[PDB]
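# my complex, first installment, coordinates as in the assembly:
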Amino acid sequence: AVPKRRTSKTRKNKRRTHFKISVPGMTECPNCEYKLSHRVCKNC
Amino acid sequence: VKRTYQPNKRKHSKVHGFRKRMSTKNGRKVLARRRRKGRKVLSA
Amino acid sequence: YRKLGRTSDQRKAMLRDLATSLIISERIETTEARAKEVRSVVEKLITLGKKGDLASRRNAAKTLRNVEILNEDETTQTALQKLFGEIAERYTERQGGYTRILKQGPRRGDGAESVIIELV
């Protein structure tokens, strides 16, 4: 129910290895800057 | 659920007010103690 | 079919509201899942309107809301009348596919995918 020992800096960052976001899937707008793929401009 | 403090202007003044304190020697002792300590509020 | 995070009665009512709003405004912005669900409702309604008979009109009245639409100049009509009038005539020679969905991207408040669904 509770941590028996505190988590070291090393273990914490090891666990955060995969905690990240990825670059959006984006494409240049041929006529109308960049946009999400399969989305309309909605602002151009 | 019902709690202990049920406010009542009249009750509060009659039990803890200035005149009730002046009414007994021990109440006057309370006022003297509070004046000696330098309290802003001496009674209700 | 999708549940849309609602009970059956709530989901049915929301789908009726969305379908009537689409019929009235011809172009609405909603979430992705709601639009994917309502495309079927709206297109089956348009099928009934193309059928045109009295029984089809009453079956359509089971689903449509009772809303009024002020047209060009102070002339009113119901959403059912528009569905069996202008909308049905617009799609006489089109065999299905009366709507399209255009994705807009996430919105600020909850990251939900906003889309436009419009009549074709």
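It's in. Numbers count the residues shown, from 1 in each chain, chains lettered A, B, ... in the order given.
# Please list all residues in contact with residue A:37.
Taking C-beta atoms under 8 Å, 6 or more residues apart in numbering or on different chains as the contact definition, residue A:37 lies against A:25-27. In this view, the C-beta of every residue, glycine as well, is placed from N, C-alpha and C.
# same check, this time on residue C:6
Residue C:6 makes contacts with residue C:14, as judged by C-beta under 8 Å, 6+ apart.
# Using the three-state scheme, assign it.
Under DSSP: H, G, I helix; E, B strand; the rest coil, the three-state class of residue C:6 is coil.
# Flag every residue of chain C that's near chain A.
With the criterion set to C-beta under 8 Å from any C-beta of the partner chain, chain C comes near chain A through C:102-105, C:116.
# Any residues of chain A in contact with chain C? List them.
Residues of chain A lying near chain C (C-beta under 8 Å from any C-beta): A:36, A:38-40, A:42.
# how about 10 Å then?
Chain A comes close to chain C at residues A:24, A:35-43, as judged by C-beta under 10 Å from any C-beta of the partner chain.
# Adding distance to residue B:39, write the residues you listed out as CSV.
Compiled in CSV, those are given as follows (distance: C-beta to C-beta, whole Å):
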residue, distance to residue B:39
A:24, 65
A:35, 70
A:36, 68
A:37, 73
A:38, 73
A:39, 69
A:40, 71
A:41, 70
A:42, 67
A:43, 65
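# can you slot in chain D too:
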Amino acid sequence: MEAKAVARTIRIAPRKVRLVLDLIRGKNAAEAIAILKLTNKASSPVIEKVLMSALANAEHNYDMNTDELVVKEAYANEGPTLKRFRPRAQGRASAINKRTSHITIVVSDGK
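Chain D added:
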């Protein structure tokens, strides 16, 4: 040269800001702008404003190229923490840390 901009005491926890910062570090300015515009995170417009400010510094104060700029440095430091409390059960109060960030962006032409 190098141009810099700093947004101090932004009311977003540094853990969350750094997630977005990691995307644009080392990228070209235009690519970073597109990434920030299309990234769905609360930090994105704050970071975008810091980057725009850095690019404006470049152009106006140092007459830099404005099209050959890269995001040389991008980091978030910890600002002062607003200490708050949430009532819990049994009359107990629990601490809430409303953390802040200092956000820095450095652009450069590489020369």
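# and the contacts of residue C:6, now that chain D is part of it?
Listed by C-beta atoms under 10 Å, 6 or more residues apart in numbering or on different chains, the contact set of residue C:6 reads C:12-15.
# mind redoing it with 7 Å?
With contact set as C-beta atoms under 7 Å, 6 or more residues apart in numbering or on different chains, residue C:6 has these partners: residue C:14.
# what do you get for residue D:13?
Residue D:13 makes contacts with residue D:99, as judged by C-beta under 7 Å, 6+ apart.
# Okay, it and residue D:82: tell me how far apart.
According to C-beta to C-beta, to the nearest Å, residue D:13 stands 11 Å off from residue D:82.
# do the same with residue B:29
Residue B:29 is 46 Å from residue D:82, where distance means C-beta to C-beta.
# Likewise for residue B:35?
In terms of C-beta to C-beta, residue B:35 sits 41 Å off from residue D:82.
# And for residue B:32?
Distance, residue B:32 to residue D:82, using C-beta to C-beta: 45 Å.
# So which residues on chain D come close to chain C?
Applying C-beta under 7 Å from any C-beta of the partner chain, we find that chain D lies next to chain C at residue D:40.
# so where do the helices sit in the chain?
Picking chain A for this. A:9-16 (DSSP state H).
# Wait, chain C was what I had in mind.
Under DSSP H, chain C gives helices at C:8-25, C:32-51, C:54-63, C:79-82, C:88-90.
# what about the longest helix in chain D?
Chain D, longest helix under DSSP H: helix D:43-62.
# Excluding covalently adjacent residues, which one is nearest to residue D:100?
Nearest residue to residue D:100, sequence neighbours excluded (C-beta to C-beta, 6 or more residues apart in numbering or on different chains): residue D:79, at 3.4 Å.
# here's RNA strand E, drop it onto the model above:
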RNA sequence: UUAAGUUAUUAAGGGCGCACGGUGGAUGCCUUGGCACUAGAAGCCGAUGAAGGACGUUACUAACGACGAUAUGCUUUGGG
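Let me add RNA strand E to what's already shown:
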């Protein structure tokens, strides 16, 4: 070319060292306030309404000091 054998390159992340930042308010320096005493004096006021307060008074206005409808002060005698 094959066979048998040997040994690299990678770092998602981690470790050590170093560099540069942030946070935080220790440390040093400082004193507006204290602490303990010495010497000289004085100790207690009030129905001629006390001690302590409330409410007000400044051109502007919250609090504190001062003042009391003569109110952020009046007269007078000296100093300056």
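# ok RNA strand E is loaded, check the contacts of residue C:6 again?
Contact analysis of residue C:6 by C-beta under 7 Å, 6+ apart lists residue C:14.
# where does it sit relative to RNA strand E, distance-wise?
Distance of residue C:6 to RNA strand E, computed by C-beta to the nearest atom of the strand, to the nearest Å: 39 Å.
# can you pull out the strands in chain D?
For chain D, strands defined by DSSP state E occupy the ranges D:2-10, D:70-78, D:82-87, D:93-98, D:101-108.
# hmm, back to that, for the longest helix of chain D, C-alpha coordinates in CSV please.
C-alpha atoms of helix D:43-62 as CSV (Å, rounded to 0.1, in the frame of the first residue of the first chain):
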residue,chain,number,x,y,z
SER,D,43,2.1,24.9,-22.7
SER,D,44,2.1,25.2,-26.5
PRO,D,45,0.9,28.8,-26.9
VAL,D,46,3.0,30.1,-24.0
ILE,D,47,6.1,28.5,-25.5
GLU,D,48,5.0,29.8,-28.9
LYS,D,49,4.9,33.3,-27.6
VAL,D,50,8.4,32.9,-26.1
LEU,D,51,9.8,31.7,-29.4
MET,D,52,8.1,34.5,-31.3
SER,D,53,9.6,36.9,-28.8
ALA,D,54,13.1,35.4,-29.3
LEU,D,55,12.8,35.6,-33.1
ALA,D,56,11.6,39.2,-32.8
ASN,D,57,14.6,40.0,-30.6
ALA,D,58,16.9,38.4,-33.3
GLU,D,59,15.4,40.4,-36.1
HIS,D,60,15.0,43.8,-34.4
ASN,D,61,17.9,43.9,-31.9
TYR,D,62,20.6,42.0,-33.8
